[PDB]
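Step one of this worksheet: look at the structure below.
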Amino acid sequence: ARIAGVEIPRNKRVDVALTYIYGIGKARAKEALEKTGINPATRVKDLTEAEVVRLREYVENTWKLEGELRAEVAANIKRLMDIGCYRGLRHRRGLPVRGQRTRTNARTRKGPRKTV
Amino acid sequence: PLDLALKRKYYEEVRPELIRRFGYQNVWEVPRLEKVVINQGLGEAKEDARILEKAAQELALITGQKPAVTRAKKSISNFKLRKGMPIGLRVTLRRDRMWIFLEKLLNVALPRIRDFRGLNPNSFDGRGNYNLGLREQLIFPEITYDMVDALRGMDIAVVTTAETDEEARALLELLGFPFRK
Amino acid sequence: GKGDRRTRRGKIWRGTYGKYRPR
Amino acid sequence: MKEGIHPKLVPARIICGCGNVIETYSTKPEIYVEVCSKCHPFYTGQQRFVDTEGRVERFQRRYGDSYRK
Amino acid sequence: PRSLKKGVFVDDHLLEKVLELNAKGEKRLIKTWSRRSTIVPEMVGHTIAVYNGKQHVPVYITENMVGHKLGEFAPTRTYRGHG
Amino acid sequence: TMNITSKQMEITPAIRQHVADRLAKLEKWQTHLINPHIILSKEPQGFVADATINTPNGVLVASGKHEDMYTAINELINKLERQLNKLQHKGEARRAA
RNA sequence: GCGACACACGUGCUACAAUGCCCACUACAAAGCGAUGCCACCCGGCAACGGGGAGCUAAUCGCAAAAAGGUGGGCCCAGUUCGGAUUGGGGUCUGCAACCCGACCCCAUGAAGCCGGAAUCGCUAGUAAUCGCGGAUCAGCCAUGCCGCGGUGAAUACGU
RNA sequence: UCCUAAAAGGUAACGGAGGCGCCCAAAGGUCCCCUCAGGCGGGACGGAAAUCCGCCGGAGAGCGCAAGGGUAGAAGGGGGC
Ligand SMILES: [Mg+2]
Ligand SMILES: [Mg+2]
Ligand SMILES: [Mg+2]
Ligand SMILES: [Mg+2]
Ligand SMILES: [Mg+2]
Ligand SMILES: [Mg+2]
Ligand SMILES: [Mg+2]
Ligand SMILES: [Mg+2]
Ligand SMILES: [Mg+2]
Ligand SMILES: [Mg+2]
Ligand SMILES: [Mg+2]
Ligand SMILES: [Mg+2]
Ligand SMILES: [Mg+2]
Ligand SMILES: [Mg+2]
Ligand SMILES: [Mg+2]
Ligand SMILES: [Mg+2]
Ligand SMILES: [Mg+2]
Ligand SMILES: [Mg+2]
Ligand SMILES: [Mg+2]
Ligand SMILES: [Mg+2]
Ligand SMILES: [Mg+2]
Ligand SMILES: [Mg+2]
Ligand SMILES: [Mg+2]
Ligand SMILES: [Mg+2]
Ligand SMILES: [Mg+2]
Ligand SMILES: [Mg+2]
Ligand SMILES: [Mg+2]
Ligand SMILES: [Mg+2]
Ligand SMILES: [Mg+2]
Ligand SMILES: [Mg+2]
Ligand SMILES: [Mg+2]
Ligand SMILES: [Mg+2]
Ligand SMILES: [Mg+2]
Ligand SMILES: [Mg+2]
Ligand SMILES: [Mg+2]
Ligand SMILES: [Mg+2]
Ligand SMILES: [Mg+2]
Ligand SMILES: [Mg+2]
Ligand SMILES: [Mg+2]
Ligand SMILES: [Mg+2]
Ligand SMILES: [Mg+2]
Ligand SMILES: [Mg+2]
Ligand SMILES: [Zn+2]
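Residue numbers (the authors' numbering), protein chains in the order written: chain 1m, 2 to 117; chain 1G, 2 to 182; chain 1u, 2 to 24; chain 14, 1 to 69; chain 1s, 2 to 84; chain 1y, 2 to 98.
Laid out in structure tokens, this is it:
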């Protein structure tokens, strides 16, 4: 688990393998490769260990990643379900939160269909 | 015996701090480290590929000591367990090897743990011994991501000559054990 | 692709502009 | 000990990413690691990597104090 | 959400009853039809009855529920499930 | 599955089951009934029961009218049975020459 | 409240990828709409947008960019640089007011889905398929709808 | 094998309860080494119960199999020849 607590896929480009980190999309990928001046097309299996610790230190010290990101999102839902707001109720029962239709579809929040 | 940073740190900085903090009358009365037994509970290699020599090889690389096998004292239905079936590993580390492994554990292993927030303070025996667990073996430096096939944690039991959990926690935290509370 | 908000093709489908489809 | 069954322990250099070198003994004389106890956030005081925020919710809004009173 | 260029919206007539209770001393129960009004820090501690089309649900305002609206805590649908 | 519709009327889940049990008579032929839709209503004369079912060998359309609600359901089943019994045997007629 | 959600049916949108996805550059339409309207152009911002401000009762000026396509570069068969659902946080605008219950922008999350059972729909030439644009209603918009417009442009008909 | 059986042995009933018609090539000989069940506490997946550590624990475990007797100062667990 080199960076940043997970292992990034080698033989892939660094701007791509960095997305395999819970908290880094294509945006924060092109960001960490300019702040360190590291060629985004170069493969992970071809990185310099000097370029590793530089990209490591910048990424791990700029955005919350991995378990620390999962804690606040869980805590943000935790307070939503504790205060008792309408969005908290949708998380407690498990229904959609963002004004979506529930008569049909809505299958991602409910899961596969339950026959009756 | 070999000259080690952790054993020297014990004899130099941990002994007098302990004697001062507790007021021991005799040199032997001070808490000392007795042994460190590591045990891979395994049991996943009952049937299937019972060839667990990859795990024993990993333990022999991490500790520098070849482990021994542990088998079942009885047959168990629900666990799919026949009596006398090899189900685990156990290596007993003492003296210089104990110091070496504890050095590498405190300086490299415990840091590299995913979402590490310290060692559980209430994990003490009551008699003055400590225990902990590990979810992976990639935590140790001698184990890389290539030579591994499956994730397998382990149990670590540190046995101390201390009599209370107080003196034991003193000795262990002084030696550098990071406690979350 | 036409449903992906973070792409050129996706904002043509929607009819809006942004960083991925400037004007 | 039993000869021929134990990997030999030899003087070992354990190099960390932050530049920390550790003189020890192991089966591989050189081992590089991503993190060590001298640079982990939980060890080095309270080096909260990115998030030393302060929650910051909820009274930390204060945008703004313009409603009449 | 509402624009930062515009202000934090309270129905004025509701904020009046808030400040009148902060001077002489909190608190007395307030009935309101202001689901649109945003909770303000000066509302923390009081007990506001929010109307949900039928009932006036008593809702105690705390420290963690300041950035929300009053209508989020007096829901409008009685739903116990199916079956 | 099976769908029932009460047009400008109000029926109970008990009555909805009776319609489901009367449609078991079509299961006799051991052929696939594809989304049998049932429509009930109230004329001035009496109740009316419609049904539009698809089978792998065609579709079934019928109508039953009677003063008694369940009796119109019966007539609908009688007329559905007949159509079903024809769609499963009309091919067997011209096997020779 | 008409926006409910143990479920069921119809119509659609977007997909399951290399005859493809993404980035940069560059060509070719028609029909409409536009005076607290359409906004050129400048500037702030990653952006939505905001602040300036010329023109146009409009074959004059504006919406406006057409998209597929063309050129170049990347991706290399993976639940992936396919797919963009769901959720966390931060903003913009309309509007008295976006909690229930608006659209949009941005960071993060990155699901089902590997071409679909029984059954069934459309289409005979500029047609199907695929690609984009405008308008009514309209403060805004849940429009993937409807009514129109063109771009590329097939297969097949022995026979009843 | 136990009870009935009346503290030596023996003792009947269509009296009360159970087992046998096998097995083991080590489950045999010998030398050397080791000590249980259980309870409490601690320990990744791991649980009432898998394996690990500590403390208490004379035998309640074990001894192929019914029952009784015997048994760790071994008849129990392991190895050598
Ligand atoms: Mg990521
Ligand atoms: Mg000494
Ligand atoms: Mg304790
Ligand atoms: Mg002790
Ligand atoms: Mg390692
Ligand atoms: Mg397409
Ligand atoms: Mg995508
Ligand atoms: Mg020797
Ligand atoms: Mg029905
Ligand atoms: Mg009804
Ligand atoms: Mg009705
Ligand atoms: Mg009819
Ligand atoms: Mg009949
Ligand atoms: Mg309403
Ligand atoms: Mg809704
Ligand atoms: Mg149903
Ligand atoms: Mg269906
Ligand atoms: Mg649609
Ligand atoms: Mg594929
Ligand atoms: Mg995935
Ligand atoms: Mg799948
Ligand atoms: Mg993807
Ligand atoms: Mg296709
Ligand atoms: Mg078919
Ligand atoms: Mg025709
Ligand atoms: Mg349109
Ligand atoms: Mg218009
Ligand atoms: Mg409009
Ligand atoms: Mg919506
Ligand atoms: Mg006797
Ligand atoms: Mg006797
Ligand atoms: Mg006798
Ligand atoms: Mg005798
Ligand atoms: Mg033997
Ligand atoms: Mg024997
Ligand atoms: Mg025990
Ligand atoms: Mg557990
Ligand atoms: Mg346990
Ligand atoms: Mg016994
Ligand atoms: Mg023996
Ligand atoms: Mg022997
Ligand atoms: Mg011999
Ligand atoms: Zn370090």
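Virtual Cβ for every residue (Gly too), placed ideally from N, Cα, C.
Less than 8 angstroms between the C-beta atoms of residue i and residue j, yes or no?
| i | j | result |
| --- | --- | --- |
| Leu-34 (chain 1y) | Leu-41 (chain 1y) | no |
| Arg-153 (chain 1G) | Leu-5 (chain 1G) | no |
| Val-50 (chain 14) | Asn-62 (chain 1m) | yes |
| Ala-33 (chain 1m) | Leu-70 (chain 1m) | no |
| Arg-113 (chain 1G) | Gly-65 (chain 1G) | no |
| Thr-161 (chain 1G) | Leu-19 (chain 1G) | no |
| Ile-49 (chain 1s) | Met-66 (chain 1s) | no |
| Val-15 (chain 1G) | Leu-176 (chain 1G) | yes |
| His-47 (chain 1s) | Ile-31 (chain 1s) | yes |
| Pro-7 (chain 14) | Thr-27 (chain 14) | yes |
| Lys-70 (chain 1s) | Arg-36 (chain 1s) | yes |
| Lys-47 (chain 1G) | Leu-82 (chain 1G) | yes |
| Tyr-32 (chain 14) | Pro-179 (chain 1G) | no |
| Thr-56 (chain 1y) | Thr-32 (chain 1y) | yes |
| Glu-67 (chain 1m) | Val-117 (chain 1m) | no |
Does residue i have its Cβ less than 8 angstroms from a Cβ in chain 1m?
| i | result |
| --- | --- |
| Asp-147 (chain 1G) | no |
| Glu-30 (chain 14) | no |
| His-69 (chain 1s) | yes |
| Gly-4 (chain 14) | no |
| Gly-17 (chain 14) | yes |
Starting from the beta carbon of residue i, find every residue of chain 1s whose beta carbon is closer than 7 angstroms, and list them in chain order.
| i | result |
| --- | --- |
| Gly-85 (chain 1m) | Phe-74 |
| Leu-90 (chain 1m) | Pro-76 |
| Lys-69 (chain 14) | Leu-20 |
Taking CB distances under 8 angstroms as the criterion, tell me whether residue i reaches chain 1s.
| i | result |
| --- | --- |
| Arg-99 (chain 1m) | no |
| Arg-13 (chain 14) | no |
| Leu-19 (chain 1m) | no |
What does residue i touch in chain 1G if you count any residue whose Cβ is under 7 angstroms from its own?
| i | result |
| --- | --- |
| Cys-36 (chain 14) | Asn-108, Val-109, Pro-112 |
| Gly-95 (chain 1m) | Correct list: empty, because the minimum Cβ distance to chain 1G is about 26 angstroms. |
Could you confirm whether any beta carbon from chain 14 is found closer than 8 angstroms to the beta carbon of residue i?
| i | result |
| --- | --- |
| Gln-66 (chain 1G) | yes |
| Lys-105 (chain 1G) | yes |
| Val-9 (chain 1s) | yes |
| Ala-61 (chain 1G) | yes |
| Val-41 (chain 1s) | yes |
| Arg-29 (chain 1m) | no |
| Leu-22 (chain 1s) | no |
| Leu-30 (chain 1s) | no |
| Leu-15 (chain 1s) | no |
Under a CB-based cut-off of 8 angstroms, is residue i close to chain 1G?
| i | result |
| --- | --- |
| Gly-24 (chain 1m) | no |
| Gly-112 (chain 1m) | no |
| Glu-8 (chain 1m) | yes |
Check the Cβ of residue i against every Cβ in chain 14 and list those closer than 8 angstroms, keeping chain order.
| i | result |
| --- | --- |
| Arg-11 (chain 1m) | Those do not exist, as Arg-11 (chain 1m) stays about 15 angstroms from chain 14 at its closest Cβ, beyond 8 angstroms. |
Using the beta-carbon of each residue, which ones in chain 14 are nearer than 9 angstroms to residue i?
| i | result |
| --- | --- |
| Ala-6 (chain 1G) | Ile-22, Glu-23, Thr-24 |
| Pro-179 (chain 1G) | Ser-37, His-40, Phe-42, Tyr-43 |
So with CB distances below 9 angstroms, who are the chain 1m contacts of residue i?
| i | result |
| --- | --- |
| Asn-65 (chain 1s) | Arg-80, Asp-83, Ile-84 |
Along chain 14, in chain order, which residues have C-beta atoms closer than 7 angstroms to that of residue i?
| i | result |
| --- | --- |
| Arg-3 (chain 1m) | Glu-34 |
Chain-ordered residues of the segment 43-55 of chain 1s with a beta carbon less than 8 angstroms from chain 1m
none
In chain order, what residues have a CB nearer than 6 angstroms to some heavy atom of ligand 13?
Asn-79 (chain 1y), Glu-82 (chain 1y)
If the cut-off is 9 angstroms on Cβ atoms, which residues from the segment 46-76 of chain 1m count as contacting chain 14, listed in chain order?
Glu-50, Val-53, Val-54, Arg-57, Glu-58, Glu-61, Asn-62, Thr-63, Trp-64, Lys-65, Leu-66, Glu-69, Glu-73
Residues near ligand 1, criterion Cβ-heavy atom distance below 7 angstroms
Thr-20 (chain 1m), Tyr-21 (chain 1m), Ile-22 (chain 1m), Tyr-23 (chain 1m), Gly-24 (chain 1m), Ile-25 (chain 1m), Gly-26 (chain 1m)
Could you list the residues in the segment 108-139 of chain 1G with a C-beta less than 9 angstroms from some C-beta on chain 1m, going in chain order?
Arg-113, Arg-115, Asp-116, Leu-139
What residues does ligand 43 have around it, judged by CB closer than 6 angstroms to any heavy atom, in chain order?
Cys-16 (chain 14), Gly-17 (chain 14), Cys-18 (chain 14), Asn-20 (chain 14), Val-35 (chain 14), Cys-36 (chain 14), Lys-38 (chain 14), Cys-39 (chain 14)
According to a CB-to-CB cut-off of less than 7 angstroms, which residues of the segment 36-53 of chain 14 neighbour chain 1G?
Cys-36, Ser-37, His-40, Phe-42, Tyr-43
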